[PDB]
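> task: produce atomic coordinates for the following.
(chains A and B)
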Amino acid sequence: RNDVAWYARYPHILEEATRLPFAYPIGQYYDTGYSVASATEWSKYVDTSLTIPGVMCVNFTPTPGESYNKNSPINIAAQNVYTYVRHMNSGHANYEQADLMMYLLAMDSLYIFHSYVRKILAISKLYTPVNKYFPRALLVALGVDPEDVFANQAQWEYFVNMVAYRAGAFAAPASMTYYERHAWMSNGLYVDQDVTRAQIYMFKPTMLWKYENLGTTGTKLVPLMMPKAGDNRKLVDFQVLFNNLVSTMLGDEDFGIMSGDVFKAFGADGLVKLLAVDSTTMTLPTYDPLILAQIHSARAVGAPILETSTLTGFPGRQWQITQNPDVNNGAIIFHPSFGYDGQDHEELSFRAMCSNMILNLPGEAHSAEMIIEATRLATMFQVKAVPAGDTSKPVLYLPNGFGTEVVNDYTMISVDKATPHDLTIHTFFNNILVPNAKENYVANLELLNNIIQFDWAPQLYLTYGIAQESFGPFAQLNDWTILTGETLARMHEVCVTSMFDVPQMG
Amino acid sequence: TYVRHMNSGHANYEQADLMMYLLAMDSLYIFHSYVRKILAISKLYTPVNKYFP
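Residues are numbered from 1 along each chain as shown, chains lettered A, B, ... in the order given. You can find the structure just below:
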């Protein structure tokens, strides 16, 4: 006997038969060819296409967390930060506690805008040969014309540096981890897996909050919609958005008084610091398992309701943080209605979000910080909003609670399988309607296969038009649990409390 | 007089608003120790007293 293996007797045969090219670049359409050469007689019955997506952008909206009355966590936080600022600024101050908190929320929307345009500037340096989505797909997902950023690099750099210089002239506490959380989410690129051909997660604000001081009936934060993906917006549009954001704050006396008071209370080492940007500044896609766990359990709440929204049967449901001194004893009030999808109709997919959510985690041992960070983008409906009128085309919902930000949409950027193989923009909620047409089933299947390329992708709740039936969470579960509205509301009420937290005076 | 001559500045409340705030604080602390006693009694076991808890 010899008892040596065949692969050890001829290792050259094995190493020659298995030399294959791997690491195909993504961002590029690939045609697989035919194994049966005669199968071109079957036109669409043979799928020879292979498109890999690269960008899924989480479209979000910063919130204070469901204010109903003066006992809300943002009003308790307003009380604590005004007690801290007031007993560090001995003198005569004219603003209330809620004017100070609304100044802090407008400061947050400014910092999100600055990190947004800085991400537009810092993405455009990204190149790698093995991912062709860099950097144009990431710029398409942020709503900017990518050629405008390359052609006007110095004007863009001046604009973002002047946004940092202007918006950085107002003080905000860095002891609040609210600003640090939005800076963490809003200027980071996140891979779904620690590989080089990984797929990118991003966070883009759907809307920001514009201050809008009015009359004598307090203040009223109103939405300012950001560019959506596929819009080829240029630098002048972002300049108009910036000037619309700080129109009521630049060179304003009351905002300067509040900024100097926050400067004197929290010292210069205890304020937030905006980041500068040059031609050297670039961000690299990092692996963060805390980001992926809350992208996984994210639930999209729909489009923001504006003044120009024409909700049939739902007047006055526009999203606004209000501070009327004659209403609710002068409490900061924010309770938006969810389930709006931009149009004046029912959107039957939101019925699929009326079941209890699934909280899915990797591993088998879960920390309390891990569990509470994995639930930060989740938002469950609790009741239906009451239709005021005879008929009502849409159906709105009221949650039990939400965190410092709600998800509005997701935007997936892939390549088209038809020539010239340009990028494709697909915007979706967690819920997806498939109406009865032949051009919807294979397209929905393509979208589902595109979504399952993303590792900790949000859980899908599809529904069918002729089946009258929603299917549950389309996601691979590892170690799951069923959450109810009260548990998630407890976690939201904990996290809104922790984000708006300041120390004491001693 | 103690709080006013440690908080140099303009205060709007009277002496009696401060004392009523202190009494309401006492009722809050009694409520907290009450529900904490509800929570801390429920651990008590002994075989020789079946009234626990």
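
> which part of chain A gets nearest to chain B, residue-wise?
Closest approach between chain A and chain B, counting by CB to the nearest CB: residue A:90, at 5.3 Å. Yep, even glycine has a C-beta here, placed from its N, CA and C like the rest.

> tally of neighbours for the residue nearest to that residue when sequence neighbours are not counted?
Leaving aside its chain neighbours, residue A:90 sits nearest to residue B:9 (5.3 Å; criterion: CB to CB, 6 or more residues apart in numbering or on different chains). Residues contacting residue B:9 under the criterion other CB atoms under 10 Å in any protein chain shown number 12.

> I figured residue B:9 was touching residue A:93, is that so?
No: with contact defined as CB atoms under 8 Å, residue B:9 and residue A:93 do not form a contacting pair (9.8 Å).

> in chain A, which helix has the most residues?
helix A:97-123 (DSSP state H).

> need the next SSE after it, C-terminal direction.
For helix A:97-123, the following helix or strand on the C-terminal side (DSSP states H and E) is helix A:136-141.

> tell me what that following helix is packed against?
strand A:55-62, helix A:97-123, helix A:146-151, strand A:200-205, strand A:405-415, strand A:423-428 (3 or more CB pairs under 8 Å, 6 or more residues apart in numbering or on different chains; DSSP states H and E).

> alpha carbons of whichever helix or strand comes after the last one, as PDB, please.
Scanning forward in sequence from strand A:423-428, with DSSP H and E defining helices and strands, the next element found is strand A:431-434. Output of strand A:431-434 as PDB, limited to C-alpha atoms (Å, rounded to 0.1, in the frame of the first residue of the first chain):
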ATOM      1  CA  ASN A 431     -43.700  48.200   3.700                       C
ATOM      2  CA  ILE A 432     -44.000  47.500   0.000                       C
ATOM      3  CA  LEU A 433     -47.100  47.300  -2.100                       C
ATOM      4  CA  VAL A 434     -47.100  45.000  -5.200                       C
END
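
> give the partner strands of strand A:431-434 in its sheet and their orientations.
According to DSSP bridges, strand A:431-434 forms sheet pairs with strand A:460-464 (parallel).

> relative to strand A:460-464, how tilted is the helix or strand just after the partner strand?
Sequence-wise, the next helix or strand downstream of strand A:460-464 (DSSP H and E) is strand A:469-474. Relative orientation of strand A:469-474 and strand A:460-464, computed by axes from the mean of the first three to the mean of the last three CA atoms, to 10 degrees: 160 degrees.

> and for strand A:469-474, what are the contacting residues?
Contacts to strand A:469-474, defined as CB atoms under 8 Å, 6 or more residues apart in numbering or on different chains, come from residues A:349, A:351-352, A:355, A:358, A:431, A:448, A:459-464.

> of the residues you listed, which pair is most distant in space?
A:358 and A:464 (20.6 Å; CB to CB).

> if we can go back for a sec, got the phi/psi numbers for the residue of chain A closest to chain B?
Here is the backbone geometry of residue A:90 (degrees, to the nearest 10): phi -50, psi 110.

> can you check residue A:345 too?
Dihedral angles for residue A:345 - degrees, to the nearest 10 - are phi -150, psi -170.

> my guess is it contacts residue A:395. True?
No: contact criterion CB under 8 Å: residue A:345 and residue A:395 do not qualify, at 9.5 Å.

> overlap of the contact sets of the two?
By CB under 8 Å, 6+ apart, no residue touches both residue A:345 and residue A:395.

> may I have the helix or strand harbouring residue A:222 exported as PDB, CA atoms only?
Per DSSP H and E: residue A:222 is located in strand A:220-225. Provided in PDB are the C-alpha atoms of strand A:220-225 (Å, rounded to 0.1, in the frame of the first residue of the first chain):
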ATOM      1  CA  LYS A 220     -42.700  77.200  15.900                       C
ATOM      2  CA  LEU A 221     -40.100  74.900  14.300                       C
ATOM      3  CA  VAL A 222     -41.300  74.100  10.800                       C
ATOM      4  CA  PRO A 223     -39.900  71.600   8.300                       C
ATOM      5  CA  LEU A 224     -37.300  72.500   5.600                       C
ATOM      6  CA  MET A 225     -37.100  69.600   3.100                       C
END
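
> that strand: partners in the sheet, and parallel or antiparallel?
With DSSP bridges as the test, strand A:220-225 is paired with strand A:207-210 (antiparallel), strand A:321-322 (antiparallel).

> which outside residues touch the last one?
Think strand A:321-322. By CB under 8 Å, 6+ apart, strand A:321-322 touches A:64, A:67, A:102, A:105, A:209, A:218-221, A:332-334.

> continuing past that strand, what's the next helix or strand?
strand A:358-361.

> same for that next one, what does it pack against?
Here strand A:358-361 touches helix A:368-373, strand A:479-482, going by 3+ CB pairs under 8 Å, 6+ apart.

> give me the distance from stretch A:177-195 to the chain's centre.
Between the mean C-alpha location of stretch A:177-195 and the chain-wide mean there is a distance of 10 Å, by CA atoms, centre = their mean, to the nearest Å.

> ends of that stretch, what's the gap?
For stretch A:177-195, the first-to-last residue distance is 30 Å (CA to CA, to the nearest Å).

> show me the contacts for residue A:352.
So residue A:352 contacts A:431, A:461-463, A:470-472 (CB under 8 Å, 6+ apart).

> at 10 Å instead, please
By CB atoms under 10 Å, 6 or more residues apart in numbering or on different chains, residue A:352 lies in contact with A:429-433, A:460-463, A:469-473.

> now do the shared contacts for residue B:9 and residue A:93.
Joint contacts of residue B:9 and residue A:93 (CB under 10 Å, 6+ apart) are residue A:86.

> I'd assumed residue A:405 was in contact with residue A:182.
Yes: the pair residue A:182 / residue A:405 is scored as a contact, 7.4 Å apart, by CB atoms under 10 Å.

> so residue A:217, which of the three states?
Here residue A:217 is recorded as coil under DSSP: H, G, I helix; E, B strand; the rest coil.

> and it, backbone torsions?
According to degrees, to the nearest 10, residue A:217 has phi -90, psi 50.
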